[PDB]
Ligand SMILES: CN(c1ncccc1CNc1nc(Nc2ccc3c(c2)CC(=O)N3)ncc1C(F)(F)F)S(C)(=O)=O
């Protein structure tokens with residue numbers, strides 16, 4: 001379905017989420033993935049443009065004339081790979097699987113990746129649990 005947008009243009013309600021769904025299916029099938037992110041010896045295939053769109057850190061890396069060419073990117077090996085995996089899934093789905101047992105790792109990872117809305121959200125949820 002569609003609706004008359006605030007700019008009087010036709011707007012498709014599911015388009016942005018459908019695009020993201022299709023990009024995640026591409027990732028799942030390893031279609032047009034152009035970077036491997038390595039975290040504590042675990043490898044995650046992804047699309048640079050998606051990473052840049054969601055993360056200040058990846059935005060800086062991939063707009064850098066030298067680093068934009070890299071097909072492998074290593075992160076700090078103290079980063080929790082599950083924390084990364086949760087955030088990568090968030091980038092591709094809008095869904096953040098936050099839990100008692102993962103929230104600290106997720107927040108630390110989001111801080112490192114410069115995903116500020118996620119960091120804020122983790123903070124609010126930590127403060128609620130005080
Ligand atoms: C429309 N669908 C398809 N038709 C033909 C081929 C593939 C698909 C679905 N899969 C994908 N589809 C796309 N893009 C895409 C494609 C076909 C159209 C559209 C988008 C809009 C459209 O009207 N046809 N991108 C990635 C994938 C995926 F999952 F493989 F990684 S469907 C669900 O099977 O009815």
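What follows draws every value from the coordinates through simple rules; no lab data is involved. We place every Cβ from the backbone using ideal geometry, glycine too, and count neighbours over all the protein chains shown.
Which percentage, to the nearest 5, of the DSSP beta bridges contained in the range 5-130 is antiparallel?
Approximately 60 percent, going by the DSSP bridge assignments.
Beta carbons within 10 angstrom, averaged per residue: use that to sort the peptides 22-32, 115-125, highest first.
So the order, starting with the most tightly packed, is 115-125, 22-32.
Going by C-beta contacts inside 10 Å, put 109, 13, 33, 49 in order with the fewest on the left. Let's see the in-between values first.
Numbers: 109 27, 13 10, 33 17, 49 14.
Ranking 109, 13, 33, 49 by Cβ neighbours within 10 Å, fewest first, gives 13, 49, 33, 109.
For a test of the definition: using alpha carbon positions, the gyration tensor, and the 1.5 limit on a/c, classify the range 69-125 as rounded, prolate or oblate.
prolate
So between residue 97 and residue 26, what do we pick up on full extension, going 0.36 nm a residue minus the alpha carbon distance? Walk me through the numbers on the way to the answer.
On the way: separation 71, 0.36 × 71 = 25.56 nm, distance 2.11 nm.
Contour length minus Cα-Cα distance gives 23.5 nm.
Let me check against my output: what whole-number percent is the relative contact order of the chain, with C-alpha pairs under 8 Å and at least 6 apart?
Reported as a whole number, the value is 20 percent.
Within 10 Å of each residue's Cβ, count the other Cβ atoms and sort 92, 2 from fewest upward. Walk me through the numbers before you get to the answer.
Details: 92 21, 2 11.
Listing 92, 2 from fewest to most nearby Cβ atoms yields 2, 92.
Compute log10 of I(q)/I(0) for the range 1-61 with the Debye formula, placing one identical point scatterer on every Cα and leaving out solvent, at q = 0.21, 0.28 Å⁻¹, to two decimals.
Reported log10 I(q)/I(0), two decimals: -0.88, -1.14.
Could you calculate, for the range 44-94, the ratio of the Cα radius of gyration to the Kirkwood radius, expressed as Rg to Rh?
0.95
Points 7 angstrom from Cα along the Cβ direction at residue 128 and residue 18: gap in nanometres?
Distance between label points: 3.2 nm.
Average projected area of the Cα convex hull of the chain, in nm²? Numbers along the way, then the final one.
On the way: hull surface 40.7 nm².
Result: a mean projected hull area of 10.2 nm².
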